[PDB]
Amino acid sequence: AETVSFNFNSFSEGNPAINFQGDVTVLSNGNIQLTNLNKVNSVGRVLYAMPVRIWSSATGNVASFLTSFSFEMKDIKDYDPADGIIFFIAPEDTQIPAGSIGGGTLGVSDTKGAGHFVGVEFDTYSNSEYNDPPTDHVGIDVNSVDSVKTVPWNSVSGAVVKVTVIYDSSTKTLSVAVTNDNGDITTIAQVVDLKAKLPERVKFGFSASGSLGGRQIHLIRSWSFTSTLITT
């Protein structure tokens, strides 16, 4: 079988295994900071440098994958804590949308909320133009920040959050488990056909953004990933 697996305990600029897009920066503690606290409509994204083959046009098979990561969002003065973080999957040529206004687009869609991607978002502001739930939430996105499904969640300022995701190729289920700082877990699952919504080659990463009045610290602290694709 064909397998891709890596494990970043910390990060560093200069590491060829990571592509940085937008206002991304690396703190001396090894943490990746996605947004610029002084830029309007700031957008920052990080991607696993190497493209990943999630399905084969020859066999018709689709890969399964186990991945885990931890992040943090902390408030600042005197901006509104926004907008959130999103773990996404997209075409290997994925780039920050042109004229991106950040905000609720999470740096992955256009102003209308559309884009070519699949991801799990950790939304901390309610953008009605995207039909967001009234409170903080985790959501499953398929080519849109207007989630196919969401679940109530709470973003604690300065809290270290852990996430684990499993994509069972056979059932096409994308399962997400979120462990908050206080110990409780929040989950959300949804059938998503990666073969129908994405190309054979893709890139995984994280993206975050803010607006003029909405800003906050967005940090990625760790990330492990393992995908396996059956060749016969």
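Start at 1 with the first residue shown and count on from there. C-alpha atoms forming the largest set that superposes within 1.5 Å between two forms make up the rigid core.
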Stretch departing more from the displayed form, 94 to 102 or 155 to 163, Cα RMS in 9 other deposited structures of this protein (core fit): 94 to 102
Got a sec? Mean C-alpha B-factor, which is higher, 160 to 168 or 32 to 40? 32 to 40
Using the B-factors recorded in the PDB entry, average over the C-alpha atoms of 63 to 71 and of 196 to 204, then report which stretch comes out higher. 196 to 204
Checking the record values for 139, 81, 91, 103, which has the greatest CA B factor? 81
From the entry's CA B-factor values, the highest among 191, 176, 46, 27 is 27
Based on the deposited C-alpha B factors for this chain, I'd like to know if residue 151 is in the lowest, middle or highest third. lowest
Select lowest, middle or highest to describe the third in which the CA B-factor of residue 210 falls within its chain in this entry. lowest
Would the CA B-factor of residue 225 place it in the lowest, middle or highest third of its chain? lowest
Entry-reported C-alpha B-factor of residue 119 relative to its chain, by third, is middle
Place residue 144 in the lowest, middle or highest third of its chain's C-alpha B-factors, as listed in the PDB entry. lowest
